[PDB]
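Residues per chain, in single letters:
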Amino acid sequence: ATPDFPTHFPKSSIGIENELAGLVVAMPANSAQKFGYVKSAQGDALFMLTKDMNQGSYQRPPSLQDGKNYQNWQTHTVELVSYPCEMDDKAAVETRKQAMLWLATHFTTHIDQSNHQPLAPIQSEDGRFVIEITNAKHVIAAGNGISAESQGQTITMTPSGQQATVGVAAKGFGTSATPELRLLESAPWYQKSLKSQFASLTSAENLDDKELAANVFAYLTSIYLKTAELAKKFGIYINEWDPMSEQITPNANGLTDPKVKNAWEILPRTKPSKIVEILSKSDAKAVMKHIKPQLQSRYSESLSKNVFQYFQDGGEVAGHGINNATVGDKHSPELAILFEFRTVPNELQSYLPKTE
Ligand SMILES: Nc1ncnc2c1ncn2[C@@H]1O[C@H](COP(=O)(O)OP(=O)(O)O)[C@@H](O)[C@H]1O
Ligand SMILES: [Mg+2]
Ligand SMILES: [Mg+2]
């Protein structure tokens, strides 16, 4: 079994995703995403081997007929998914990039001498890296996995196949305290002006933590307003809101549609309703009560009520979120909130492996 991601980090964390070019993985239909993982010889889990984009049904080449059953098998692109590490842990970041580049060279040899065969659990030649196979019911095949033989491909990685995910303490979003926080706050959907706006609305209120409440308000309102903007732009069905009732033609498959995710640029990966937990019951009530009018002064009553209710009931920004991540003291953990960079910006390029 592939180990689950560690959930706790002392400070800000980073994970990477890297879709490979030059090969596919074929597995039985409805297989689990993870088929293996690469770890250091010391035992530290570095990245997972996963199936990513479905490339169609697998057809075992006739010249490679082996008496085996490949019925209903699907081909997918391979994505290398790192185990998160601390953002300032240079050695952990470097070992992940190096282990990914090593596995690409091992894949290049595998499609040359063992095309349409499963990867074997081996140790690298220098002894640095170890492959562990968790699902042996797979095959690795060059190109799109149609031909028995490769076109002598070198297995590569490129920025268009790359993403980075950053995890920060929820209480830090809006403080601009670290370079990571400042990069996250530069997200086009985040409206820092909502912090000072909240303070103006709540002068008569005796709030337990005014600065924290203003930060949470700005973060949540920015997400709710962006969701409403996107639902209108792309014609997305949110809860009971119907875009056709506002003469908007549906132009996306939902919140999880890749073009909707891309429109966020910096995609929230944590369930918005979790942040309410970093506040007192009283402060959370004050924050939540003030969000509704921010939507209603910009969007129709139906869109506003539906977006507000969707997130209130634990609605996700774009599918299953990373909601169990924590930061700070191991004994008293604080909520970490995660963000996916759809395109890796210049500031995070050094975290990604490069073939060239
Ligand atoms: N605590 C964390 N801090 C930072 N990045 C994390 C953390 N936990 C997971 N990630 C990263 O989240 C990314 C996507 O994770 P995952 O949920 O497995 O992908 P998917 O939803 O596409 O199946 C990976 O780059 C991974 O390293
Ligand atoms: Mg992934
Ligand atoms: Mg991604």
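Residues numbered from 1 in each chain as written, not as in the entry; some residues may be left out. Chains lettered and ligands numbered in written order. Heavy atoms only, no water. Residues with missing side-chain atoms left out of burial classes, pairs and counts.

As recorded in the entry header, the structure was determined using X-ray crystallography to a resolution of 2.25 Å.

Axis separation between helix α6 (residues 281–296) and helix α7 (residues 301–312) bottoms out at 9 Å; the angle between their running directions is 145°. You can see that α6 and α7 cross each other, and the crossing is right-handed. Only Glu301, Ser304, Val307 and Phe308 of α7 make contact with α6, whose side of the interface consists of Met288, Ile291, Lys292, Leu295 and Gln296. Split into classes, the residues belonging to the contact of α6 with α7 amount to five nonpolar, two polar and two charged. (Axes fitted to C-alpha atoms, helices over the stretch in contact; angles between N-to-C directions. Helix = DSSP H or I, 4+ residues; strand = E, 2+ residues; numbered from the N terminus. Left-handed = near helix turned anticlockwise from the far one by under 90°. Contact = heavy atoms within 4.5 Å. Nonpolar A, V, L, I, M, F, W, Y, C, P; charged D, E, K, R; others polar.)

Around ligand 1 there are 14 residues in total, and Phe5, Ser13, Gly15, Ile16 and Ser82 lie nearest to it. Between ligand 1 and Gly15, the relevant distance is 3.4 Å, taken from a nitrogen atom to a main-chain nitrogen or oxygen of the residue. Take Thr165: an N or O atom from its main chain is 3.5 Å from a nitrogen atom of ligand 1. Calculation on ligand 1 without its partners gives an accessible area of 580 Å², and the protein chains cover 81% of this total. Of all the cavities here, the one that holds ligand 1 is the largest pocket. Secondary-structure elements contributing two or more residues to the shell around ligand 1 are β2 (13–21) and β6 (74–82). (Near = heavy atom within 4 Å. Polar contact = N/O pair within 3.5 Å; in protein donor to acceptor, adjacent residues only side chain to side chain. Areas by Shrake-Rupley, 256 points an atom, 1.4 Å probe, with all protein chains shown as cover. 1 Å grid on protein atoms, 1.4 Å probe; cavity = no way out; pocket = protein on both sides within 12 Å on 5 of 7 lines; lining within 4 Å. Sits in = over half its atoms within 2 Å of the grid points.)

It is worth spelling out the nonpolar core at this point. Among the nonpolar cores identified, the biggest contains 94 residues, and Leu103, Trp189, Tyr224 and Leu348 are the most heavily contacted of them. In terms of residues, this core owes the most to one element, helix α4 (residues 210–234), which gives 15 residues. Residues from two domains meet in this core; each of domain 1 (1–186 + 324–356) and domain 2 (187–323) gives at least three. Not counting residues within four places of it along the chain, the set of residues in contact with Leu103 comprises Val38, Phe47, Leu49, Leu80, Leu119 and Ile131. (Core = buried A, V, L, I, M, F, W, Y, C linked by side-chain atoms within 4.5 Å. Buried < 20%, exposed > 50% of the residue type's maximum accessible area, 1.4 Å probe, protein only. Domains from an automatic or database assignment.)

Looking now at the side chain of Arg60. Looking at the element boundaries, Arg60 is found in the loop between β5 (45–57) and β6. One polar contact links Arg60 to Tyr58, side chain to side chain, over a distance of 3.1 Å. A distance of 2.9 Å separates a polar atom in the side chain of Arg60 from the backbone oxygen of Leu64. Once residues lying within four places of it in the same chain are set aside, the contact partners of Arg60 are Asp66, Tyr70, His116 and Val139.

Right, let's get into the UniProt feature "binding site: Mg(2+) 2" in the protein. Per the UniProt record, the feature "binding site: Mg(2+) 2" sits at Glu17 and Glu79. For the residues just named, distributed over 63 residues, the greatest C-alpha separation is only 6.6 Å, placing them together at one site. Lining of the largest pocket among the annotated residues: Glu17 and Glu79. If we skip the residues at most four places from it in the chain, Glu17 touches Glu79, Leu80, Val81, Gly161, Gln162, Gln163, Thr165, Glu340 and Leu352. Looking at the secondary structure, you find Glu79 in strand β6. Those residues in contact with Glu79 that lie beyond four places of it in its chain are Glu17, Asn18, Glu19, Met48, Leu49, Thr50, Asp52 and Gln163. (UniProt positions renumbered as here; feature names shortened; annotations may be inferred.)

Time to look at the coordination of the magnesium ion (ligand 3). Bound to the magnesium ion (ligand 3) on the protein side are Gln163 (OE1) and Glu340 (OE), at distances that span 2.6 Å. The distance between the magnesium ion (ligand 3) and the magnesium ion (ligand 2) comes to 5.2 Å. Here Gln163, found in strand β10 (residues 156–169), pairs with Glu340, found in strand β13 (residues 334–341); they are 177 residues apart in sequence, far enough to count as distant. (Donors = N, O, S within 2.8 Å, 3.2 Å for Na, K, Ca; no water.)

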